[PDB]
Amino acid sequence: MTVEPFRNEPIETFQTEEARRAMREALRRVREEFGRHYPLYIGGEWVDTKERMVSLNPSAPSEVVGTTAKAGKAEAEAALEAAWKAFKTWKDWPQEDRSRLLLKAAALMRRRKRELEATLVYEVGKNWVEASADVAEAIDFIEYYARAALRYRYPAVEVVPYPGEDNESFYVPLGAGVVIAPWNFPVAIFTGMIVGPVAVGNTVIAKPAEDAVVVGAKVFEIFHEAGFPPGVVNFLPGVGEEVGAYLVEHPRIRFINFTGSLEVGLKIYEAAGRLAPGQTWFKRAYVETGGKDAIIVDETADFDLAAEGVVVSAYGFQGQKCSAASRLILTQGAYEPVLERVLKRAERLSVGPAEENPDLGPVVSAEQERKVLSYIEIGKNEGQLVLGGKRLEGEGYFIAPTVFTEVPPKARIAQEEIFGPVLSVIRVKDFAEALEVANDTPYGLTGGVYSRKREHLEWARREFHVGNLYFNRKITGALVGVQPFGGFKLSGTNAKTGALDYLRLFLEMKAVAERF
Amino acid sequence: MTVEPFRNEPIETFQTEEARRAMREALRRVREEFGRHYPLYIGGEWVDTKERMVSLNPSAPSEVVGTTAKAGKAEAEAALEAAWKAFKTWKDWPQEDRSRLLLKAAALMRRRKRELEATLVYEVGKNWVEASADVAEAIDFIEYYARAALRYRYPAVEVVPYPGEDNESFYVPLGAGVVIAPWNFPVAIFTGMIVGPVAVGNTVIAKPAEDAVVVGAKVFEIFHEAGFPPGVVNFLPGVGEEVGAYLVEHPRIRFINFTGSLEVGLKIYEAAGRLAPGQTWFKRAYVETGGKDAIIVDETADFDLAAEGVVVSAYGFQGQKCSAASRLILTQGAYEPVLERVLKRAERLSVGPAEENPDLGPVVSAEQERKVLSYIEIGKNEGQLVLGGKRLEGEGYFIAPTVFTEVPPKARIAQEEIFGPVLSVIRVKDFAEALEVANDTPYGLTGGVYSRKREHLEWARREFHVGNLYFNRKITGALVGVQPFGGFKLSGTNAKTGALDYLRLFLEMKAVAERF
Amino acid sequence: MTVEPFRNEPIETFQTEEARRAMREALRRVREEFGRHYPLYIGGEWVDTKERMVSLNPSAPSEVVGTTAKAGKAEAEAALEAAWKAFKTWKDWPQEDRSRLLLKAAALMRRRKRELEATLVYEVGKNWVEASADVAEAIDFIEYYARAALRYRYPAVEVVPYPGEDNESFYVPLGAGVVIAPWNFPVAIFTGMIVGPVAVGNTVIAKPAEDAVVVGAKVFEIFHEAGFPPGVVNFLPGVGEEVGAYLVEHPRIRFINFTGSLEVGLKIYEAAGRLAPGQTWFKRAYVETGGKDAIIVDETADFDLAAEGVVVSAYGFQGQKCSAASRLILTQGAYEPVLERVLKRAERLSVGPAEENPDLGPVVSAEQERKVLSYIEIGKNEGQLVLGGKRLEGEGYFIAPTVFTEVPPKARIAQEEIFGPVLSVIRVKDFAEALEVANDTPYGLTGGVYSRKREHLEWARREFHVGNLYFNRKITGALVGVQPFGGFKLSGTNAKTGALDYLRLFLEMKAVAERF
Ligand SMILES: [Cl-]
Ligand SMILES: [Cl-]
Ligand SMILES: [Cl-]
Ligand code: NA
Ligand code: NA
Ligand code: NA
C-alpha cells in the first residue's frame, strides 16, 4: 500500500460564498430528514427494535432531529456473538487490505462532510467551525490509523538472532471489544475509538452517547457503504447504563475503550480489573476522563494574544471539551491587563441557535444545563461572579459565557470539571506558584502558558504535569498526528489518540522460534 | 553512549576443569557463609528489624542458608517515601547516565556470577546449569534494558509537523512502584522486573519471594555497589500478604509489576483497578501468571529429538517454571513411540541435593512439596500413573519425575498449574485435535510442536494460541532479546520481558506545542 | 523538536497592490522614526554612551536615518565579561531549547519583514527586491541553523565500540567570540554570523558595519524580544578599528567570525594566529573576504539569457556583492553577440533614490563612491570605457552602470575587487582559455558559465576553481540550504554558510570512555 504522506483534513472556515452556500444546502437536507429513524447495526445489517430513542435539537428542544432503535442486553449479546464470529476471519486479513478499507471509509466520509457537519450543528449544538473541526478530525483518525497500522504488520518486532534458529515476533489483535463514545465529539472521537482497534484486526461494538445517536448512525452508514465485513463494527444506541454495564462486565468482552466522565471511567476501570465468571483473560480498559485545564499567563506575555487564546479555549463549543480552559491562572503582573482583555472579549461573544453560527450555541441537554447552572450557584459561594452566570432566553439551553474571579485554588469550581462555559480566574504571586496551582488538581489533560520568557516556557515543558501542553496558543483542538492526545492522573490512562502508540494498545505479541 | 551490540551472556555447562574448580570454590564459600543475616535496603542504606525471616536449604531444610530482616507496613511506608523522594531527581537524569549505571551493575553481577549461581543452588535447589542460566538471564536483562531505554530518550516520538509550531512529544517515567518477584527465577526475574522500570526513570520497592530472600539481598548488594542513588531501588523481604497487600492497595503506588501464581495475580489486577482513598491516577498492573504448557508431537517428528526436548521442558528445575511442559499431546501415530522414549529417558534422571548437580534437585519448600504430592493424588484418579508419583527418601523435598498417561483434556491435572515434576500425556487423533486440546486451557504462555511437516508448523504458528511458541526444541529458557517472553489469556497481561516493548509499559507520553 | 521541513523564505516581488501598499506603509513608518537613537546591547539590556554614531541615507546623505551609541574598549570588555558569564549556563541548555529560541527569533523577524526591508532601503540604498532578498535570507539562516544544530546534539559522534566500555563522543561549544559583520548584507549576514555560533551554545559580541548600525540595532530588538538570556548576544556599534582590534587581539576571545575586505581579513587571520599574553587556546578565525567573480560565455550559449544573467549579476545592489560578476569572459564566437546585448540591457537600467525601486540605488557611502570612482580612473588607463563611468547628478552616491572592454586579464580592474557597478569584459580564444583567465586571480568565490555544451559545463564543474559555481543563471543570490556559500583562495576560509558544516566550525569534540 503506497498512499500520499498523511496530512490533516483542512478545517472549513466558511469565508467563501461557495462554502456558505454548501453549508446552507446541507442544513436544509439534514432538517428535511429530521423524521428519519435509524436502526441498530449488527452483523452487517440494520436491525430495528420495538422501543425507540429520541434525539432533540438543543437549540430548540421541542424539535426532534431523529429517532433510533434502542439496544438492550439481548441486542448487546447478539452484537457480541457477531463480533466474535467476524473476528475469526477479520484478524487474518492482510493489513494492507484492512488499511485500504479504512481509506475507503475516509473517502466516503470526506464526500459527506457538510452533511455530517450540519447533523452536528442540529443534534449537539456545534457552530459551523466547531462542526467542521469535528468531522475533519474524524477523517484524520481514519487516514492516520490506516497508515499507522501498517507499521505493525507481520512480522514487525525487532529481535536478537540466535544460531540455528528463526526467531519471529509479531503482533496479533485482541478480539471483540466495546467502545463507549462521548457526545461532545460524536463524529471525531466516536470514529477514532472504533477504527483504531478495527484497523489492526479487532472487532468493535460501539455505544454512541445518548445525545448524539443520529450522527453516530450516519457514521455507521459510511462504515456500511465502505463494506466492513458483517460483525466487524456494530452500533448499539441505548438509554442509561444497561448496554454499557452488560458489555463492560461481560466475561467475553476483551477490551473496553471509553471516553467520558471520571465518575463513569472509575467504575469502568474497576469493573475491568475483575474476573467475570468464566472469563479467560485480563481485560484491557482504556479510559479518557476529562480535565480541569489551566492557562497560565505571566507578565511577559502578549496580553492580547493571551486573551484571545483564553476566550477560544474557555468558550469554544460552550466549554464542553475535555481540553477546555476552565482555569485562568494569572501572575500578579499579568492579572489586571489579562483579565480586562478577557472580559472585554468574552462580553462580545454571541449566544444563540447553533445553525446561525453564533460564538456559542446551547449546552447539549437539559441535564447539562442543570449541571452547569448548579456549578454557577456553587461558584457564587466560592468566588466573585463578574460576567454571565445566567441562562439566556429561549427554550434552547443557552448559557452565557461566565467568569468567576478571586477563586481559591481548592474551590470546587477550581477542582471539578464543569464542562460548560465557566472560567475560574486565580491570582498567583509568580510563575512558580502558577505551576503549583496548575498542578494541584486530580487531573492532567491539557494546559497552556502564555509567556515570552524562555526560562518559564522550558520550565513548564518539564514541570507543568499535563499530557498536552501548549505555549502561546489555544489549549483545545489537538490535531491527529501532530499532538498525540491523552492525559495523566485522573484524566485517564494516557492512551494517546492520533499517535502511533495508540494501536499498540489493541495488540498482543507472539514470539515463535523454529530450531532447524 | 556507544557500547558493543547486545549479546546473550553464555550459560556455563561446567564441562571444563576451570569451570568446575571455580564452581566448587563458589559453592564452598556460600556454604561456609550459611547463617549470614541480611537487612532491608531502604533509601540507600541497610536497615535492620527486630523480627527476622529464615531461608532454608530445600535439599536439607534443617540448614539455614541465611536470615533477613522482615518488613511490615512501617518499613513499606518508609520505602515508599524514599522512592518518591528519589523519583523527583532520578526522573531527570539523562538516559545515558541511567543506562551507564545499569551497565555498571551488569559488570558487577558478571564478576559475581559463580557466587550468585552457588546461592541459587543452596537457596532454591537449582542444579548447576539451571543456576547458571538464571544468573546469565539476569545479566541479559540489565544489558538489554540499558540499551533499550536509549530508544525512548528525549524526544523520541514521531509526530506530524504543523506550520508555525514546534510539536514535541516525549516519554516521562511514571513514579514509584512495587515489584513482587517469584522464587523460581529469583535472580533473573527479580532483576528484570526491577531494572526495566528503573532504567527509564522510575523508582522501585521490591518484595522478594519468601523462599529466595538471601539471593535477593545479594542482588541488592550489587545495586548498592553500582551506586544507584538512595531511594531508587528498595528491598523489602516480608512474610505473607502484609507488605505486598499494603503496597498494591496504596493510593501512592503508581504501578505494580508482578510475577507469580494466577490466584495472587487475579487479586492484584482487581485491586489495581480500584481508586484507593486520595489516589490521583489509574494504577498500571503488569501480571505474569503461569501456564499449562503443552508440547504437541505428530507422527512426522524426530521422536528421539522430541523425547529429549520434552524431558528437558518437563523436568528442568523440577518442572518449577511458568514455561514448563506439563502436557504432552501426542497424535495417534506418535503416541507409542514418543511415550516409550519419554519414559526411558525420564526413568534415568537423577534426583538429589542440588549441590551434587543432579538432573533434579528438590522442590522449593515443604508447602510446594505438599501441593505437588496432592496433585499426584488427584492425578491417580484422573489418568494412569506410569512413572514416579512419589516423594523420595530424605529430609530434602525430593519428588520423582512423574508421568500420567491417557489423561482426559479436562482433567484437573491437564488444566491446573502443578508447578512440579509432573507430566500429563494426552492422546489425540490428529494434528487438528492436538491444536484444539492445546488451546483448551485458561492459559496461553508457552507451547511447542515437534513435527517435520511444514504445513503443521505453519498452522501452529497462526493457531496455537500461546505467547511463546517453539518448534522442534524445548519450550523453556526464553532468551532475553531473542524471544520476548509473556503470554495470553490467564497467563497474564502480555508484558513482554526482554523486548523493546517492555519499557514502554513504564512510561507515559507528553506532547508539548509551541506556536512561535 | 519537530517542525516542518526547512523551506526558503519567499522573496517578495511587489507585483501585487497589497505588497506595494505594505511597502509604502513600512517606508513611511521607518522615515518617521529617523530621529531614533539606538543604544548598545550588553548583558540583556540597552546601554547608552556619551558619544554617538550617525547613520546617513546614501540616496540623500544630508538626511540622518538614525543614531546609535558608540562602543569603545571599556564597553567591549563589559560585553566580553557578559558573554563569558552567559556562556557558563547557555552551553548547558538542551539543544532543543536553543533551537526553539532561534525559531522564535525567526517568527519575530518574519513579522517585521517590511520594516527591516524599508530600513535597508533608506540606510544602505537597496532597492525593494534587494531589500526583501536580504531579509528573507536572514530568516533563512535562523530557520536553517535552528534545524542544523539538532544534527549535532548530545551525543552525536559515530564511534567504534570496545568490549566492557561505554565510549561516548559529543560536541561542546567553544565559548565567547566576536562577529565582525558587513554593510552590504547587514540583516542577512549580520544575522547568520551571530545565530550560527549561538545556536550550538556559543555566545557572541557583534560589531555591525558603520554604514548599517540602525538596521543592526533593529535585529537586536528582535533578539531581545525573542528572549536570548543576558550576555548571549551583544551589540557594539563603533567607529574605526578600535572595538574590532581590541576583541580580535584579546586573550579571552575564543573565535572570530568575519566577513569583509581582504585587507581586513588578512590582518584578522594573522592576529588570530598569535598567542596574546595569558591566552590559553588556539583561536579559530573564519574569514570570508570577497571575490573577483567571472561569468564565462561561449558561442553555444543562449546569448539573451546570458546577457540578462550578466546584468543582474554585475549590477544588482550596484555591484556591492562578494558574489558580483565583475568580469565577463567571452570566447571569440560569443564576444560581439553577448557584448551588444549586455550594453543594450545595461544602458536601460535606472539609477536613483533607492526608495523609488530603481534598478540601481546609490553606492553605500562617500568613501565607497571615492573608491569606485578611483577604480574607474584606473580602468580608463587599462581598458576601453564603453558605458557609464560617471557619477550621476544629486547628493546621493549615484554611479552609472559601467562597462570596460579590451581589459587585459592582469589589469588592476581585472584583478582587484572594486565592489561597485563596474564590469570588465575580457575576450578569449576558446573555452580552455576562458577557464585559464577565470582561474587566474587571487580569489575563488563565485563563477558562472553560460553554455549549452555539456562537455564545457562538466569541465567547468571540475576545473573552474570557485566555491560557488552557477550554470546558465545569475551568480549572485546564493540561497541558504540550497547553495552552501563560501570560497577558495583569498576569498577566505571556505566556511560554508547556510550548510550543515557551518556549525561544526563553532564546536569542539570530547570523547569520554567508562570501563565498567
Ligand atoms: Cl510532566
Ligand atoms: Cl495466536
Ligand atoms: Cl575546484
Ligand atoms: Na441531541
Ligand atoms: Na530457601
Ligand atoms: Na547608512
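The figures here come from the full heavy-atom set of this structure, side chains too, leaving out hydrogens, waters and symmetry mates. Each chain gets a letter, A, B and so on, in the order its sequence line appears, and its residues count up from 1. Both counts, for ligands and for their atoms, begin at 1 and track the order of listing.
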- At distances under 3.0 Å, what protein N, O or S atoms surround the Na ion (ligand 4)? A:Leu56 O, A:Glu123 O, A:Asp211 O

- Query: Would you call B:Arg29 and B:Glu33 a salt bridge, using N to O less than 4.0 angstrom?
  - Reply: no

- Within 45° cone and under 6.0 Å: B:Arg31 NZ/CZ vs B:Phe34 ring: yes

- Query: Cationic tip of A:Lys321 within the cone over A:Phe185's six-membered ring, i.e. under 6.0 Å and within 45° of the normal?
  - Reply: no

- Task: Sorted by first residue and then second, give each side-chain hydrogen bond (donor to acceptor under 3.5 Å, both in side chains) pair with at least one member in residues 206-215 of chain B; sequence neighbours left out.
- Result: none

- Pairs where residues 59-68 of chain C contributes a residue and the test salt bridge (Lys or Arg N to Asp or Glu O under 4.0 Å) is met, not counting sequence neighbours: none

- Partner set under side chain to side chain contact (heavy atoms under 4.5 Å, CB included) for C:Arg370, not counting sequence neighbours: C:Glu367

